[PDB]
Amino acid sequence: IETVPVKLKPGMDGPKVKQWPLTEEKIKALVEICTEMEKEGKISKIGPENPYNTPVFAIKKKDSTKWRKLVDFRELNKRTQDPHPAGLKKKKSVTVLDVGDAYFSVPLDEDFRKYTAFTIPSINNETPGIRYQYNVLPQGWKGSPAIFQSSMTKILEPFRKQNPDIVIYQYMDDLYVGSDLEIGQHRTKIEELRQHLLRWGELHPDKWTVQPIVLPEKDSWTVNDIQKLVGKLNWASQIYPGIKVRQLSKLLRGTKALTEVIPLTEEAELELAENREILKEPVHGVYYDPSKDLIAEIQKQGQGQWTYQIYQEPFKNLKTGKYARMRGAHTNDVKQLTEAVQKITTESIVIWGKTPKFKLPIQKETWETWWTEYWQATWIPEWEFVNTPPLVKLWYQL
Amino acid sequence: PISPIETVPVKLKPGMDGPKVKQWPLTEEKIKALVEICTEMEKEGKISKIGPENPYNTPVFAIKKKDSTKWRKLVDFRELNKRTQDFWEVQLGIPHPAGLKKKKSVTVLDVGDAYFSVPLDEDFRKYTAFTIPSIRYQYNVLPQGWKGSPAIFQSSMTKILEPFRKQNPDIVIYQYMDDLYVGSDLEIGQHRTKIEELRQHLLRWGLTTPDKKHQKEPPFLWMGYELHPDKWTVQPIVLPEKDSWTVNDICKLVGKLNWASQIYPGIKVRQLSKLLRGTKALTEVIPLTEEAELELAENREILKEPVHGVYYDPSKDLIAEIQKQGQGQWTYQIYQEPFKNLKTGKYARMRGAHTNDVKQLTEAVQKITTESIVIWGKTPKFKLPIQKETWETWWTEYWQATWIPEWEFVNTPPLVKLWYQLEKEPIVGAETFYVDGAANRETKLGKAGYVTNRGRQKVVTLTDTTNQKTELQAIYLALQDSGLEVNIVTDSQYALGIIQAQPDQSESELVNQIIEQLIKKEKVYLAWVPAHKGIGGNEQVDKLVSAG
DNA sequence: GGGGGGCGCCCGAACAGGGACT
DNA sequence: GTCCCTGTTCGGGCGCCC
Ligand SMILES: Nc1nc(=O)n([C@@H]2CS[C@H](COP(=O)(O)OP(=O)(O)OP(=O)(O)O)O2)cc1F
């Protein structure tokens, strides 16, 4: 099969990211997988005159004895020369299948190959790194689904005609499949498709919570209560211009003890009623724009609770939600946090068919030390680390 | 001989051309070492006489080796290096003896004239023209001085050994440049037979292994260590004894100490390291501070002691133990059976303007984890001087994701603790201070002060200051004039973000004074309010400190 | 004495991103 | 906008290995 020429963005060079250290488990899996892929023409050994490199690692799926190689092509994808269904976000069930295997059947433009180099490390540096290069469409490169789209459309073609109200969507190595079939018939449907895919060679979108901002109800308000209140509202009013603060702020006339209780005037009692409602009405006027990135922000609320907001322009939230989890001993913030970004990435792909840039409330080294131990997705969002002002923490609190 | 291995294709950077640079003068002795070496290389086809068809040239020299009798020929290719393409370095780090496993039979072998056994690409040979003054040659093999040589050799060597590795997966070959550690679980006769097979393999590809450099009996000299059978040791470390120290002197002592700390527990270099600040040149001389003075002494005593490390048993566990050293310094020992270190180390990296002990401990744990994964390929278990409750508190009240892997408490002081604890709710019967500060960008003049619910007000004036600074000054002021219990209300996001992270150390003299006060107090409570929104008595204090 | 690649350690220079202010 | 303050990368010395 003749290849599809591909190019980098203009004025851009190939990736040069250093490999990071791997556990013994992972290196053995990768050495094992790679020698096979080399036995099948899918990858070739290369020298160091190829100046490019991209990190690699591996994940062990669920309960299994099978590892998945996972190359981190985020950089490459950023440098690679560049129709999502609104219906998918509305389905009782949505199932996610891993069709990455399919790509190894399509040769990779010879001139491009060099930009996909990677390196396998050794334990305790017993050897120099072993460098490989790709000869087919690599999994995790955004080029792979593009170039394979046409063949993809032929495969799913009659499964779709035969099942015209099952919606099938593809993102990178992933196939999303939604139906309103009761579980069992959805399950029997899914296996039908999988059978259909070996012949060529779970979610619930409808029940996703939106997380409103909310205000304390109290019989006794102190000066401190009211000050906290007013400050939270002053900020909330950047999101909801409806919000008002003047009558409440009037109770903090003078200079008073933090624990002095203050009887709410009926006006201030009134605007409390308003604001409580101006929060219920949805955020007016926010249009998804695919020329810009989805920004995701995450806040640790404690007790295993996590909050987040997806937006593209500050205060213009496309969505705002919450992630709850286990309350006890073995609670691991880093594990919860990577589970959070995986549930959130998943929702974004489903709703807007795109990946968010995460702003993460963790130290960079703490995160890079451990995230690949809790990762289970075939893709990898972009992120940046950010020590979040302890003010926003209280804004989204439940 | 020259390997019949395929050359590695190299090219200059685009639009660039080879180097033209005059040979510089040479010692007579070096000139003779040089032509003895060249007349021999040329004879073996490792170098070729060139003519006027070669425009290029690059200066050469030589230095005695570690055997003090033989010369090493070098080429200052600094210019050609700039115009040579990028490589991806394949050497990902440095092997460490503590990652080796007990072996029944061991051998160490050097490759003879390693580089000069690997051919250099033909199209690139011309750019390596040099001149021996007393003859003009060019390289047919890899030259020592070019930036392509290490990776091309390291990769070439890896090719050559793959066949033998695959044929013999249970012989372990640590491969560092041309140095080979070969280990096996065979009896000494079978092992020696395998070494011969390895030497023939190597010799088939043009790589000789001279007996002169073939170690057969313990202890083995490897990577700067001595490998005995049950233990390993670092070849002796000698510390300079100048009585006048330069920057370079210092830089040369911190290195040898860092080197030492991998097996010498308790090493410290904070006070030495501080000297290195501001010094605009290596030759600058500096007087040892009194505490630097003392520190160097502590380390000198440490080096006198006799110390070794042991090898690695994968059947057992990896345990890492951490000791607090003071001033943001940490020592650790990694082991499997008590009092038999695999290795040791230190962490002394100051990161953050402001920080505290629990943070740094978390940073020490992360460094040790990453390093255990490189050396043994798995995380260790921890023993830390921090109570479960302390860690639990911190995790509970820190607005960030933080975590430590499996660990058990060790009451070996000095224990790690939180030196003060802000309150979650405002304090009954504690004077309430409303603080604030303002500053004039042009004059650098400012004011900081407070107003309290009991009628107190104070305003302090400052010079050469800033907004942030005056906000921090106001707070310090309220701590100074308050009782053992105080409520403080500020509108400064800056100030609230520092203090809420419970620091116990800072770069800032002012934050340090603030920390002192927070430690003395019985209860503090810090609240925030938005500025310029008429919120009394933030409003009242705003007017006061706003005479600018 | 002048060269090279790797890792480590410290440092200061550069530059990025958020807050407060004119 | 600018100024201030904080965090990152990155290059420069030195240590060790070959
Ligand atoms: N200082 C050095 N610069 C180098 O470029 N090298 C290179 C990298 S390793 C290669 C050969 O190292 P060796 O020290 O075994 O020296 P050799 O092979 O040149 O000669 P031999 O082994 O002593 O026969 O030379 C070594 C150095 F010690």
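Note: ideal-geometry Cβ built from the backbone for every residue, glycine included; neighbour counts use all protein chains shown. Computed from the coordinates by the stated procedures, all read-outs in this text should not be read as laboratory data.
At-a-glance table
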item: Net charge contributed by nearby residues that have their C-beta within less than 13 Å of B:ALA364 (K/R +1, D/E -1); result: +2
item: Helical mean residue ellipticity (222 nm; -39500 (n - 2.57) per DSSP H run of 4+; nearest 500) of chain B; result: -9500 deg cm²/dmol
item: From phi via Karplus (6.51, -1.76, 1.60), per-residue ³J(HN,Hα) for the range B:351-357 in Hz, x at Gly/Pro; result: 10, x, 4, 10, 6, 9, 4
item: Shielding of A:226-232 by partner chains, average beta-carbon count, 10 Å; result: 4
item: Share of pairwise Cα separations in the range B:420-545, more than 17 Å, in percent; result: 53 percent
item: Cα convex hull of the range B:219-312 - mean projected area over all directions, nm²; result: 6.9 nm²
item: Relative contact order for the range B:219-312, counting Cα pairs under 8 Å that sit 6 or more residues apart, in percent; result: 35 percent
item: For B:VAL410, distant residues with modelled amide H under 5 Å away; result: B:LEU384, B:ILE386
item: Pair B:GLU284, B:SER48: separation of 7 Å Cα→Cβ label points (nm); result: 5.2 nm
item: Counted charge near B:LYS104, where neighbours are those whose Cβ lies closer than 13 Å (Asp, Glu -1; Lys, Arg +1); result: +1
item: Neighbour-count ranking [beta-carbon atoms within 10 angstrom, fewest first] of A:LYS7, A:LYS62; result: A:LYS62, A:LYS7
item: Exposure proxy ranking, count of Cβ atoms within 10 Å, fewest first, for A:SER179, B:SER244, A:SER44; result: B:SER244, A:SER44, A:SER179
item: Selection from A:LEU294, A:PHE385, A:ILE310, by position along the positive dipole direction of the range A:289-395 (Cβ); result: A:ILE310
item: Rg/Rh (Cα only; Kirkwood hydrodynamic radius) as it applies to the range B:289-391; result: 1.00
item: Spacing of the two label points (7 Å from each Cα toward its C-beta) at B:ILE94 and B:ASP317, in nm; result: 3.1 nm
item: Square roots of 5 times each gyration tensor eigenvalue, C-alpha, the range A:289-395, largest first, Å; result: 21, 17, 13
item: Percent breakdown of C-alpha pair distances by 10 Å bin, ordered from the shortest bin, for chain B; result: 3, 13, 17, 18, 17, 13, 9, 7, 3, 0
item: Ranking of A:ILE239, A:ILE183 by count of other Cβ atoms within 10 Å, fewest first; result: A:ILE183, A:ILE239
item: Spacing of the two label points (7 Å from each Cα toward its C-beta) at A:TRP208 and B:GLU6, in nm; result: 4.9 nm
item: The range B:415-548 - percent relative contact order, Cα under 8 Å, separation 6 or more; result: 33 percent
item: Relative contact order of the range A:354-398, pairs being alpha-carbon contacts under 8 Å that are 6 or more residues apart, as %; result: 55 percent
item: Local electrostatic count, A:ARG79, Cβ distance below 9 Å [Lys/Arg +1, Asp/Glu -1]; result: 0
item: Proximal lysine pairs, the range B:420-545, alpha carbons under 18 Å, eight or more residues apart or interchain; result: 9
item: Shielding of B:535-541 by partner chains, average beta-carbon count, 10 Å; result: 5
item: Share, in percent, of DSSP beta bridges within chain B that are antiparallel, nearest 5; result: 75 percent
item: Candidate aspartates and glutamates - alpha carbon under 20 Å from A:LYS7, same-chain residues fewer than 8 apart omitted; result: A:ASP72, A:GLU75, A:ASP82, A:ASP109, A:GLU110, A:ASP111
item: Shielding by other protein chains, B:325-332, mean Cβ within 10 Å; result: 0
item: Integer Hz, Karplus 6.51/-1.76/1.60 couplings in order for the range B:452-459, x for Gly and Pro; result: 10, 5, 9, x, 6, 8, 9, 9
item: Part-to-part distance (alpha-carbon centres) for the range B:324-341 and the range A:55-78, which is given in Å; result: 34 Å
item: Antiparallel DSSP beta bridges within the protein assembly as shown, as percent of all bridges there, nearest 5; result: 75 percent
item: Pairs of alpha carbons in the range B:153-234 whose separation is greater than 17 Å (percent); result: 49 percent
item: ³J(HN,Hα) computed for each position of the range A:182-189 - Karplus, 6.51 cos²θ - 1.76 cosθ + 1.60, integer Hz, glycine/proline x; result: 5, 3, x, 6, 5, 4, 5, 5
item: More than 25 Å apart - percent of Cα-Cα pairs taken over the range B:340-459; result: 49 percent
item: q = 0.08, 0.10 Å⁻¹: log10 I(q)/I(0) that the Debye formula gives for the protein assembly as shown, counting C-alpha atoms only; result: -1.02, -1.36
item: Relative packing of B:63-75, B:500-512, B:206-218, B:434-446, which averages over residues the other C-beta atoms within 10 Å, highest first; result: B:434-446, B:500-512, B:206-218, B:63-75
item: Amide H partners (placed H, <5 Å) of B:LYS102, local residues excluded; result: B:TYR312
